[PDB]
Each structure stands twice: as C-alpha cells, then as structure tokens.
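Chains C, V and Z are the protein sequences, given in the same order. When we follow the working numbering, the leftmost residue of the first sequence carries the number 1, and every step to the right adds one. When we follow the working numbering, the leftmost residue of the second sequence carries the number 1001, and every step to the right adds one. When we follow the working numbering, the leftmost residue of the third sequence carries the number 2001, and every step to the right adds one. Yeah, the Cβ is synthetic: ideal placement off N, Cα and C, and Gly gets one too. These notes concern the structure reproduced below.
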Amino acid sequence: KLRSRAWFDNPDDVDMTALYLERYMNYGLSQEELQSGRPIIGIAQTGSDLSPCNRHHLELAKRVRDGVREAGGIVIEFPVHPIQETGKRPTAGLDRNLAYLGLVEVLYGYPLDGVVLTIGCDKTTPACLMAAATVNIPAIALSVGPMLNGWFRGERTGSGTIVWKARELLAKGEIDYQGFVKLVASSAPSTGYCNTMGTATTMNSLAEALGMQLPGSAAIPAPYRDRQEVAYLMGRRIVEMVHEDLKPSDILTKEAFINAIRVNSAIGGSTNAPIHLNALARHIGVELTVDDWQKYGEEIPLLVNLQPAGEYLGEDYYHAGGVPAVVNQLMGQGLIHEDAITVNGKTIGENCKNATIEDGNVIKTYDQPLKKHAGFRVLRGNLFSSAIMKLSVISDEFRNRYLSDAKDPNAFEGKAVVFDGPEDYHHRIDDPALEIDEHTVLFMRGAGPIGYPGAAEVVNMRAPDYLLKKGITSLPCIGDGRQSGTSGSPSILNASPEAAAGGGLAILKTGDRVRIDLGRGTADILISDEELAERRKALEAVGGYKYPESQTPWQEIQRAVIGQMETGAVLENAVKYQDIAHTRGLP
Amino acid sequence: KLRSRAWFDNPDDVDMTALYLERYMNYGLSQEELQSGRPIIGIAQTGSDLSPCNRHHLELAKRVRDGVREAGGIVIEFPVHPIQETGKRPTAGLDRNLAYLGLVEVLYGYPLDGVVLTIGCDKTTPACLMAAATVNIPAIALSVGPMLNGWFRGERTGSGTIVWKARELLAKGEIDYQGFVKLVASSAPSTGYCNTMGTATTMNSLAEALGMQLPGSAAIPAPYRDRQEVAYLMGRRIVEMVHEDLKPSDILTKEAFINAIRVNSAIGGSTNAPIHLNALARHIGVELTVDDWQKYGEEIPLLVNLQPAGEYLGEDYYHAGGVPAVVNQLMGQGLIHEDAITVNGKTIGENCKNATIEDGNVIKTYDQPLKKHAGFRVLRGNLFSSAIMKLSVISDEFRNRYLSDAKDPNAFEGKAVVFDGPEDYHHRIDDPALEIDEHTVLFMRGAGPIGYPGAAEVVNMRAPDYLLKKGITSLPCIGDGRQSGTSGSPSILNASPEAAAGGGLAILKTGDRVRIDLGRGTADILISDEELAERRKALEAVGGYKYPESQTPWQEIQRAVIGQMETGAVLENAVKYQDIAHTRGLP
Amino acid sequence: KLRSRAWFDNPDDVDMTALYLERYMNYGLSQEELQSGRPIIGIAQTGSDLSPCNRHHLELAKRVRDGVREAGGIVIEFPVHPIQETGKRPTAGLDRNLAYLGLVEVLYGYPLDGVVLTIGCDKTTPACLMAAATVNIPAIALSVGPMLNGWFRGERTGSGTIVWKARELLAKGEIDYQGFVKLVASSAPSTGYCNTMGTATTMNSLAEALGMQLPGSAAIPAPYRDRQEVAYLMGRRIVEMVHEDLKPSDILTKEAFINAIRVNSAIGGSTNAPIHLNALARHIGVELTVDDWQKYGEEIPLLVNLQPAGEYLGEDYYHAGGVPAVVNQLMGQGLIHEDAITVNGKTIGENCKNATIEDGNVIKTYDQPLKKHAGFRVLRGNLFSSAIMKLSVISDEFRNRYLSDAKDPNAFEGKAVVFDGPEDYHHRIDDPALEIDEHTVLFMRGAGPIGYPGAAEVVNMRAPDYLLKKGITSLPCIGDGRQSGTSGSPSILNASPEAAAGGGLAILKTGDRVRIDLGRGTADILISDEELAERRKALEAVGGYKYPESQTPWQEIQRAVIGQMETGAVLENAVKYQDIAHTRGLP
Ligand SMILES: [Cl-]
Ligand SMILES: [Cl-]
Ligand SMILES: [Cl-]
Ligand SMILES: [Cl-]
Ligand SMILES: [Cl-]
Ligand SMILES: [Cl-]
Ligand SMILES: [Cl-]
Ligand SMILES: [Cl-]
Ligand SMILES: [Zn+2]
Ligand SMILES: [Zn+2]
Ligand SMILES: [Zn+2]
C-alpha cells in the first residue's frame, strides 16, 4: 500500500531493489529502516543562501525530522528549484512554473509516500502546492514566517512598504540616497519573509485557510520558538496523514477555495492571490475563475490592520490571533464553509471555533471592520477580457477625488498615458512634456506572462515629481502586469489577455480617453468599434505587439505553453496531468 | 566589471539596489561585504538525502567557503535540481536536461560572478557543465569522488559491477535472494559514487581531462581528507578565475574535447561519455560528432585496470596516479594537446608532465597496455544512422567466438530476437520457446530519449538461464538505449535515430538475419531495400512506432524538443543560446 | 612571534611538528594554512542543547569564521564546560570555576594565538573572561543576546521577572497551577538569554563596558540579523588584535572596572556583578573590592527602564541605544574614564561620544533619571564582614514603610526569622506559628560558596501568604546567598564570611533583635559582645556550622580552595597564576 515499497522492498524485482537499497544506505540508513513499511517522507526544502526569505527552513527541518522519526517515518530532504522575489531577474514569476515542473518530477519519480512542503517567499507557496496537487500524495505545508517588526525612531517599518514610502520621500528631496538605505535596512531585522501584508504573508495565510497547514501556523514569525514547535508537530502529522491517505485532493475542494477567497479579503490579501489560487485550482481539478473572486469575496470587509493598508506588522498579526481569529470572525457571519477538512484531520470550523481576537488594534471584528467592501472587482471591456482592482487600499484621497462625482458615481474618465514596460515608464514619468494632472490614468503594457516574460510587479507606478510636490500622491494605475502585495496602490492589475497576447492594451494610444466604471464593472477606451479593428489590422500587418526575444532556453520553452494570468499563468499542457501518483500518470 | 554589482551596487537604480541588499543581509551579511567589489561565488550544490552519491558535497562546501572567503569572495550556496541514477524512475536521464534548465536560470538571473559546480553522480557532471557552458561565467568543477573499495572474503567488490556478477550468480542457483543483498551491500561501504569505472568515474575523470578541475582532483575518494583540501583550493581558485575572467569557453576548446576522447579510451570510459560530451560541445559552441570519437579515440589502448574491464577500484585508481598519470602516458606518445589551458591557469601539459604511475598493477604504460584498440567504433547501416560499440570490454570468449572466422573476419551473422522495452525482455529472455543459441543477436528497441522516455540503461541484456548453465555468458546486445558504465558487456548502444524517431530498429522483426561487420563499420538487417520501405509504409499507415504516453508535464514538454543521442540528447532549441551572460542573452 | 608556530612550524623539533600537522590536517586543512604564519583563533563555544540560553552561538560561529578567514586567520572551535543557570543542580555557580579551569587549560596548552569568547548565560561571561585574564592572549567577547520580548494580552512579560510575579499571583489563588505555566512560557519566545535586566543582561552589558566587546554588541537580541553581522566583525577584529597583541591585561585596567561599576548602577545591574567582576579583577591582577562598588557606584542614578525595576525588555534596551547610550549619559557628567582602550582599538569615549538615546521611555537622561542613588551599599557589623544591598529596586512601599522614621531615619529594627537553606524556608514561611508581621527581617543562612555549595539564588524570599493576602508584598531579606538578577527584591546579599565559614550569621537565633542601619552602613544583631563569643564557643565545641557533605569529587575539591563572595568566590590558589602565556606559566 505504501508506494515507496516498489523501490525499497519489491520481491518481484530482486535486482533493482538491491540497487536502490545500496545507494540509500551509504550514509548509514539500515536495510531494516528501508524495508519495514515505514512512510518515506520528503521534505521539499526551499531554503538556501540564494533564497534569504526561506533560508530558516534549513534549521526548521531539524524539528520536522524529530516529528517524522518519532511517528515512525523516514525523512528524505531534497531541494526545490530556487525562487526569490527580491533577487531573480528579470522576474521571479518566470520561475514558479519551473520549480513546479521539477517538484512534480521528484514527488512522482522517487520513493516518497508523503511530503512536507516548506513554503515562504511569494511564489514558493503556489509552486509547492501546485506540484503537490498534480502528484497528489499526502502533503502538508509549513510556513517559515515573517521577519520581526522593523523599528525606526519608535515606529514600525515594514519591508516593501517602507520602500514605496521612502521612494516618495527620496524623490521629494526630503531623503538623500544614503539615509534611504538605512531606513530600508531597518525593516529587515531578522530571517523570514516580508513582514507586511505582502504576497508572502497573503499566500502563507491562504495556505492555512485552504486547509494545508496546522491551525495557527501561518502567522508565526520565523525566529519564534513557536515556529520550531509547529515544525515538529507537522513532522508527526504528515506520517499519520500517510496512514490515513489524506491527500491534497481531499482537502483542496471548492469550498476550501471559497474559504480562502473570503479570508483573503478579510486580511487584505495581495492581488497575486487570484493568480496563484486559480493555478492551484486547475492543478487539483477544481473550477475557479476570477469571477469567483468577486462573487465570493468582493463584499467581505477588511479586518486585519496591517501595513500597507494599515499600521501593524507580522508579529502583531500573530499576537492578535492570526488566521484562526480571522476565520472565527467570518464564521460568526456564517461566511465560512466550516466542514472543510484540513491537514490536521479536523475541519476548519473545529480548528477555529474558539479562536479569539487577542489584540483589537490589529484585528477588527466583522461588525466594526477596518474597511467595508474590501475584496476584488473584475473589470471587463475593450481594454481586456479581465482585470482586478484592489479595493482594500483605496485611500480617502483616491475615494474623494475619483469616486465622488454626481454625474457618474463610482466612475471616472481621464487622459491615458501608456508606457511600454518599466524602462519606458522610468524614462517618461517625470518628463514635464507629458503634462500629467489630476485627470490622467497611467497604463503599463507589455508586462504580462509572455511579454516581460514574468509577469513583473511594475503597475504600482508613482506620480511625477511635479505632482508629488504639489500634493497628488496616488493616481489610477492600469496594466497587464502585477504589483507587489506590499503596495497600497489601488491599481487595476492582471489584465488578460496581455498586450503580447492580443489584449486591447496592445492598440491603446497615449491621449485616448478611457472610462473606468467600477459600478458597471467596465473598462473601455472611448473609441469606435470600427476604429478598434483598424488599429488591430495595422498591428497584425506590421507584425504583432513588440516584446523582447527570449534570453534563455526556459524563457522560450515556457512562452510556448504558458496561459494568461486570468487562469493562473500555468503551463497549459500541464493541467491535464491529474492525480498522477494514482491514475498511473494521466494523459 | 563584476556583473554582481548590477544587483548590489547600482548607483543608477537606488530603489532596486536597496531591495536586493535588504533581503541578502537578513542572515548577517553586511552592506560593505555586498558593496565592495567582491566576487560573488555560487556553489551549485548537488548533494541531498535524495542523491546519496553526491551528499558529501554538503560537507565539502565548508572547505570551499574557506577558500572563497580567504581569497576575497562571498559564497552563495544554492541547489541544483535532484538527479540520482539509482533512484529516479523511470530513468534519471530524463532529468539531466531539467537540471540544466534550472541551473541556466540561476547562473543567468542572479548576481553570481563565478560558480563552483559540485559534480558526482552520472548526470550531474554534464548537467552542471552544460549550464555553465550556456551562461559562460567563470566556473570550476569539483568531483565528490568514489566510495571506498568494497571488501568481500578478501576480494574487491565494485558497485554496479558486483550486481551484474551476482545477477548471474543468482540466476544460476549458486546464490539465494538474501545473500544476494549482502554481496551487493558490501560494495557500497562509504559515501561517494560508484567505485568502478562507471559513468560517474568516467564523467568525473573527463571533467578533469577537459580542463574543468584542478589536476588530480577527479580520482580522490570521497571520504579522503585530500578531497577536503582540494575543495578548499578550488574555492580560492574560482575567485582568481573571476579576476582573470577564465571562462568555460576559454577552456572547453576542440582540443580539450580531443584530450578527453583519448583519456576516455585509456581509462575504459563509459558508452555514455559521447552523449554527454557531444551535448557539452554543442552548448559551448564547439563541433563534436560521434565520428570524432572513433577518429580520435578508437585506436587508443586501455591503460586503467579497473572493474568492470579489470580488477581494481577507485581507491587504487587514485593511489596509482589518477587522471594526471593517464594523461602523462598519452603525452609520451604525443597524443595530448598539451597547450590546452585548464581552470588552475596552467596547461594540461604543464599539470601532468611529471605525473608518474605509482602502482603498475592499476595503470599500465602505453607500450605494455592492458588492451589495445580500446575506443569506440561507430556502426551505420539500415538499422540506424549511428551507434557505438564498447571495444574495451570485449572478452576473449566474445573475441574467440564471434570475431574469429576466416570467411568473414571481425564480423558475424545470426538470428535477431527483438524486445520492445525492458519489461518485454524480462518476460521473454528465459522463455525456452525462443531457442536462443550461439548464433543469436538480441535487440532492445523503444528505449531512446523519446521512446522510454529516458534514455534507460537496458541494453546489457543477460543470456537465458539455459545458456548460462551450459557456459554461454555474453551475447551480442544491440539497442536504441544505453547501458551502465559499470557494464562489461561489449554492446552496440545509443542507436540514432531511435525506434520512436523513425530509426531502422522500428521495422526489425524477430527472426530476421542481421550482419554486424565491425571491419566495414556496418550494421544491417539482411533484407531487401524494397521490403524495407514496405515495412515502413505499413508502420506509418498503422500509426508510427508504439511507445508510452507521457506521464508528467516535463516528459511531454521535453519530448517535443529533445534530439537524438547521436547529438547529445539535448533540448534542440536550447543550443542557440550561447555565452548568454555576455551576448545579452542570444537568440 | 605567533605562539602557534611552536606546534605547527617548529624547525628545531621536526618530529613533533609533523605529529601535530598530521592530526590537524585530517579534515582537510592544508600544510600551507598551518605553516604560513596565520593567526590561529579559538572560538570558545558555550552553546549546546544543555545550555539553551547560549545555543545560538553554534550558528553565530559561522559568521565569526567568515571574519577570521577573510582577515587571514584559521578558526579552531572548541567547547567550554557547560554552565546553565536554569538547569544545573544544586546551583550553576558551583560550575563557573570548573569551566574556568578547563578553559585555562585549552588556551594555555593548545596552539591558539587569540580567542573569541562566546558569552551569554549568567556565569559564562565571568568564566570566559576569568580564563582569558589568567592566560592573557588576545581575546574578544561576543554576547549571544536576549530572547525577544514576551507578550501576554498586550503586555510585555519578562523571563524570570514574570516568575516572581506569578509566584505571588499563584500563592494568592488568583492563578491556578496550569495557567501558571502558560504565563511563564510566554516570556521565552525565542532563543537567547533572559530578556529582563537579569544577571545575563547585566554581565553582558558590563563585558562591553569593560572594553571586551565591539561597541553596541551587548544589547542586540539573539535572533536579530545585527547579531550575526557583529559576530562577523569580531572574527575580523580578533585577527588584527593578534597582530597588535591587544591583550586582556591591556584592556581590563582599574579604570575599565570603574567604568563598569558606574554602568552597572545606571542599567540597574544584578547583585551578582560585584562577585564576578571582583573575580575578574583578581585574575587579571587589578585590585577591586566590594568597597570600590560603593565608592564608585552607589550615588549613580538608574537610567534604564527595564524589568524588574522598570517596564521594558531587552529589545527595547537595544532600540533605545544600549550600552553606548548609557555610557554617553555618564560621559556628559564626566563620570566615564573616556581614554580606556577597548577591543576595537578605540577608547570607550571615542566609541560612545555620539551615542544618543533613541527611545526616551526606555533610557532616561542623567539629569531626569528613573531613580537616584541606585548603586550598592556595603553593610558591615557583627552579622558579616561585608554584604551589599540592591538600592535600584527599593519600591515606595519598602521606602515609605521601612525608610521613613524620624527616630532613626534610613534605618529599621525588627524580629529575625532564620531559615537554614531554601528547603527550611519553603517549609516554614507560610507556617502561621511564626507570626510574621510588618516588623520582621527574614534571614537565609548556609547558602554561600561552601555551605550550599553554590552559591544559590535563594535570598529573595517571598512573604507568607497571610501577609500577601493583607497587602504586605516585600519584606527585608538578608542572607549569605545570592538572588536572581531579575529580582525586584531590595535584599541584603552576598554576606561574607558565610555561615559555613564562620560568619556572624552562624550564631543568629530566630527572635533576636537586629538593626539594619543604611545610614551608618551597619548590620548588627542587637546582643552583647560577651554573649557573641559564648554562642561561638558553643558552636566550635559542638562542631562548626552544619552543612551538607560533598556529593561529587568537584564539590569536595572546590570547597577546599574556594574563597568568599566578597572577593569573587574564586579558587584562591588560582589567583597567583598571572599572564601565564607570557610569564612562562607563573608560580
Ligand atoms: Cl537539501
Ligand atoms: Cl515588537
Ligand atoms: Cl457562503
Ligand atoms: Cl543548499
Ligand atoms: Cl583498500
Ligand atoms: Cl594528435
Ligand atoms: Cl564545538
Ligand atoms: Cl570619576
Ligand atoms: Zn521573499
Ligand atoms: Zn550515482
Ligand atoms: Zn541563562
């Protein structure tokens, strides 16, 4: 019944059994350990020098080993392909699908009965969970946790968030280029990932909300001894999960994805969460669209008072009660599917029914929330088939300026300024010839999965310095790229199809009038449908949208099969491989 | 001039520089270390629990770190995707190209000025060297080394080789199925890779002969303290190589490949060496064909008395003088390109001019060799466009039986028995209905890069047990797969194109007369050219050669671009990416 | 000039040089590394499973190694004998002198040119510094740092301090015996030592004030990446200190001890600091008495607002500016000997001249201090030749009750209740027959270096529960033992000579009137000098003071040479060994 026995204890094939035993005993494992029906537990290790965010997982694996051994298993630790958001060029999103490919190969083709997935930095959570979904042997995820709180002259400084606030304090002469480095260094005072509500905190929280972590695990800061005890408890549990055959497909049900969509809104989750969870849904065989994110999550209020939306940081999120406290608030409104089973063998409802808010400054009750209507809205129209807007970081300046007109409520119109990539933007934003005022919507195209190739976090553009000196902070930002989860920009992201894939962004000229109507969920460049096909005819004639040639073999290989962000930016030909450890391997 | 400064010390982009610094300082590296022009040295780490052969590299990296620090560099250790020959299913050759892809992405897209490649198990050497070739920043390779000698009742037992000798001592009732495990376990008495002249010993020796290791490094057994001192010396040297900009393209010249072809013959190298070095040649932009292997290497004699061809093991190879002693014997005949520069900054001729044979039982002089004419012969004909034959392991039983006829010298004819994969063979070999005698040539088809998908080491087939009980040991083996380097079978391997790619093997019927003529280098099934196209017409009509559907996304992705073993079984669309760290990234 | 060459590079003795080289090369060190005049740097490692407080030093040593290698040295890491305050029975003070003995043997008898001392838990700081003082090769100390702040329902909880507050919240029915464990576990949320102003924080701060750490090093919490960068900087510096021959005797001058006495008062240092620094003074050959502590430190105000005296914890102490900020406040009053050289090669005055208070809630200015007159007073009389009183934790309840009488200001009298050890006290304190009221001074005898043997932290006795239920919290505590540095008890400690050494405590009967006069610095049992010798005659006649027989060989060996706490509780025959690396070895 244990698939590892086909390698280490196969009486029908004496020759090959002796071959695997010989190699896997050369650092002291005994024949009896490998031939006594003990679960072989992989640790999918994401920590290294090259991934500082996840590096503490090298130490946490020691506690995992204690739990596995004690429970009767054997650990085989092995590496996941490196991903690092602050490091990989041109973009670390290029590499989520590559790490997925390799991890599928290890889980499928080696004698592993179960796996501990070490998650942390932005894309390691989906890469690990996607591969676990495809192979579908029992799997449990362990967050490494955020860095400790940053401290600067008595105030909390958040990683990532302090950058966008210092990039406006530097571009206004109020901060030099040397003290800019000190204010940023203060925000990374320990090991762990981003300590704001960035993509990493989002995805690790959602991994718990999905049922893939022990309750309370996601929020624990990396240097806390609580993280080390949880690592041990997961080592014990994954062995029992093997005996129970508790698989990702048993846990990652539609109602688990619904719980995660609603927790995402309540915690202020990143605009990257729909990309990664739609990816995961497809790889486990559950249907989940961008429209589901609006349907289940748009009207959920924001409860977690964390930067960039709020004031506090990861340590405070943990002390306040973390994911269980958030789930418990949603349970009080009947907005949690409480019977969804989780890795610890209990339902999310049983795990969270007694979770209280332990700090009311950091986590708000549902009825007195931090902000209402904090989910995602999907915008459609001639600009793109889908894009989403981060409603949780709309400020009162943005609300009072743009969303306050009696002629057209919850809607605005303005002039469009288009940049073709982040380099084009960084060379034209401060250019006074552009005449960027209070009625301008900046566009960023060519930054999607195929165009960049990435996709890259380049949409949260800053206003020109002649507008930031007058007092205009945030401006409408729309693009076919992404943004950092730590961004407090209420941008219109993830436009699908991208420009390089025939999206309407490809034919937008700077100076065209555009109308973003959040009420009717539309996003159109105000032009003729006749002139629309004329711009597209001239495009196909002069060769399609222009974007850089591939620079590596993987760039080229991935560009030929990758789909759009709307559906997870997955390798499209990989999705047919379902439950491959048990369906012999699938089409 | 150091490419790492674009990440850690880029005054034009203050924002992003602060971002990389923040993350890479969170385990204690100082700003000064990262912003003082110090070479950033990657360690491409191949050791893990999942790769027992290479696992000691986790410990060797400590000595590498000492050398890099002392020389003024900074180490960033990161993982290579796991490959393990005794472990990966269905074949570890499926994963050489996947590890290549990921390592290209790390070297190209991270702030690395140079890299230490940790090599060992069969495919880690080419995977690491291929990726280093594509990116072409300074790189040095470190072998982990073989396991210690096996000992069984006073005799040396070799890993891999003891299996083929116990698989014939078990299939003849002279060894049970429990004592079979003990005789094999004795051959793996420490950490390290195979201690015979297998693929790992071959490829690690060739890496030194190519100029990519310090002289004397390849042969050192893994547990020897000499291995730890060499690791430190390489850490020092890679930093100097960065200052000198000594690149793989400077070292991997045509004449380096010629030196390796000739060292391969002298050491008894594996039939997998042409696949991996033709791959490496293409990835560095040097021309190298299977015909070059015959042209430069066929007539070189066998000098190393190691199992499977000979008697001794890896420790003895090291004590006898290792690669330098072999090179020095070839230098005495003027058969080494002595001016080829190597990683230590000296030519291979200067490194080896004083290397002596220290044990004459283990390494023979050129003039009194162990065997003559020990290289590869290329066979062509209607069976395949190319295949090679391992001349160094032809026994006197094989020579006296097959290669001793006055009607046709150095040639034989016989009946063909075809198996479609290793499973078909293991179900028909002992079948008495086959009537396999002294005039039978067994064929193995469907085992190539696309068919298996692998390719897999399945050609060294054993004779039926009714022939092994009479006294017939080795039989002619021909196929479109590979064999283990530890095999003493003089097989005809690496047939290109494979059956699944339209090779002549696809239309061979069991019972057809075949003629292998080593004199004229031909290999034909004795049939009509008219009937040849008829069998092929019926094939294309009934759908092509049959082989398993892909089981994973990577299997499918790789099958669409992988080429044939004749030209390295590389990803064909990857070869256009040349010197991509300096040519901006290449087409 | 490097003493390590007598081992590794001694041309006069070829035989023995080859012997040491052979052994120390067996894990890969080269002959050239050991025979090229490179400083051999020991790391005196105090971390282990058995010493949780110091265990992170096992990880910090990696950064130390980077700095030593980079600077041109070689690291030899070796262990210090385990000491652990929360762990060793019957007392961890028994083992400070044993760790000292062993570390002297390593530094003196091995080829070490310099040493990094890893300090942390209470007694590792003096044990390491004492041994470094005796041998006197260049030495630098590295604190591991405190644990992170404890958090319980929105409030800071300190390790050790939360115990004394929960031992009074448990002994009053307001806390059960299970929730008692949770409130204490919250105070230890990471690796590191006690996060209050306990003995560890005291001694590590004083090690910096003495000049034995890089400026700013003492206060850094253990999990902060700042700790890892400082570890690296010390590895670099110790190599330069070897070239400069900057020795403990150059740094630990009388004026360094004066700086530490005054910093001790300003930070609220533990009553154990005089024991350990008088020990260190004697081992380096500087004169320092308990009277010096009063003379130089009594009138210094308390500036650090840390538990137990104040509100904050170790992280806040670091953010506020740590030791340099405290030194800078004392410099502003001319109370620092600013020209005392420190390990980094600069004077303490140059290192601290620009150190500012960064959080005014945590560190107070000298002129608006937290409390005045916060040092130690020495009490003498017929009870003991010396004892000290912790003036920084005298509460207003203690001040208003006891130190507020017009008949005798700053003085009190009361009834004496004597317990013979902690076991006797724990069996009699709550006994209602004792009738303990507002005019009772509790005594603890038999707890000194010889009696316990310890000495043990047993003097901070709690009031009976019938007094704690009425409202009487703190009572006068006097004894020949110690107390925890985390104690907010204004006790009279360290009585010398102890009862078991003939101190006046040995003849004190319960019920005797005693008069503690802090004004005249006297402490007498109000009895006749005639009756005093009568009680002592009856003692010597009936055999001396009673105390347990030795339980281990070390207990017995130490009892025969150990002196009293007044003079450091050192091995008295060890003090004559001065500068033994250079004076051939001393008498
Ligand atoms: Cl690993
Ligand atoms: Cl905090
Ligand atoms: Cl619902
Ligand atoms: Cl690694
Ligand atoms: Cl041997
Ligand atoms: Cl030649
Ligand atoms: Cl140690
Ligand atoms: Cl003074
Ligand atoms: Zn990250
Ligand atoms: Zn191997
Ligand atoms: Zn301690």
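Would you kindly work out how many angstroms separate the C-alpha atoms of residue i and residue j, rounded to a whole number?
i: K2415 (chain Z); j: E2566 (chain Z); result: 26 Å
i: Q2329 (chain Z); j: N2264 (chain Z); result: 13 Å
i: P2548 (chain Z); j: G322 (chain C); result: 53 Å
i: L169 (chain C); j: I492 (chain C); result: 24 Å
i: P274 (chain C); j: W293 (chain C); result: 7 Å
i: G1375 (chain V); j: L19 (chain C); result: 28 Å
i: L2518 (chain Z); j: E2085 (chain Z); result: 31 Å
i: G2150 (chain Z); j: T2196 (chain Z); result: 10 Å
i: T510 (chain C); j: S2143 (chain Z); result: 60 Å
Please classify residue i: does DSSP put it in a helix, a strand, or coil?
i: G2198 (chain Z); result: coil
i: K2371 (chain Z); result: strand
i: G1504 (chain V); result: helix
i: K2001 (chain Z); result: coil
i: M389 (chain C); result: strand
i: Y1193 (chain V); result: strand
i: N259 (chain C); result: helix
i: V2104 (chain Z); result: helix
i: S2048 (chain Z); result: strand
Taking residue i as the reference, which of the options has the closest Cα?
i: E1397 (chain V); options: V:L1475, V:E1457, V:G1321 and V:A1006; result: V:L1475
i: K1165 (chain V); options: V:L1468, V:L1493, V:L1526 and V:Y1545; result: V:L1468
i: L2306 (chain Z); options: Z:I2300, Z:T2522 and Z:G2314; result: Z:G2314
i: residue 635 (chain C); options: C:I300, C:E358, C:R96 and C:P369; result: This structure cannot settle anything about residue 635 (chain C), because the visible part of chain C is limited to 1 through 587.
i: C2194 (chain Z); options: Z:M2212, Z:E2208, Z:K2172 and Z:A2218; result: Z:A2218
i: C477 (chain C); options: C:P497, C:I429, C:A433 and C:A501; result: C:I429
i: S1036 (chain V); options: V:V1064, V:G1073 and V:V1068; result: V:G1073
Check whether the Cβ of residue i sits closer than 6 Å to any heavy atom of ligand 9, and report yes or no.
i: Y1020 (chain V); result: no
Ligand 5 and residue i: does any heavy atom of the ligand fall closer than 6 Å to the residue's C-beta?
i: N1361 (chain V); result: no
Is residue i near ligand 10, with its Cβ less than 6 Å from a heavy atom?
i: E1457 (chain V); result: no
Following a CB-centred definition, is residue i positioned closer than 6 Å to any heavy atom of ligand 11?
i: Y2100 (chain Z); result: no
i: residue 595 (chain C); result: An answer regarding residue 595 (chain C) cannot be provided, because it is not within the stretch 1 to 587 covered by chain C.
Taking residue i as the query, report the chain D residues whose CB atoms sit under 8 Å from its CB, ordered along the chain.
i: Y224 (chain C); result: As a matter of chain content, chain D is missing from the structure shown, whose protein chains are C, V and Z.
Quick one: does the C-beta of residue i sit closer than 6 Å to a heavy atom of ligand 1?
i: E1059 (chain V); result: no
i: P1082 (chain V); result: no
Does at least one heavy atom of ligand 2 sit under 6 Å from the Cβ of residue i?
i: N149 (chain C); result: yes
- [ ] Considering only heavy atoms of ligand 11, list every residue whose Cβ is less than 5 Å from one of them, following chain order.
- [x] Cβ-based neighbours of ligand 11 within the cut-off: Z:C2053, Z:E2085, Z:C2121 and Z:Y2193.
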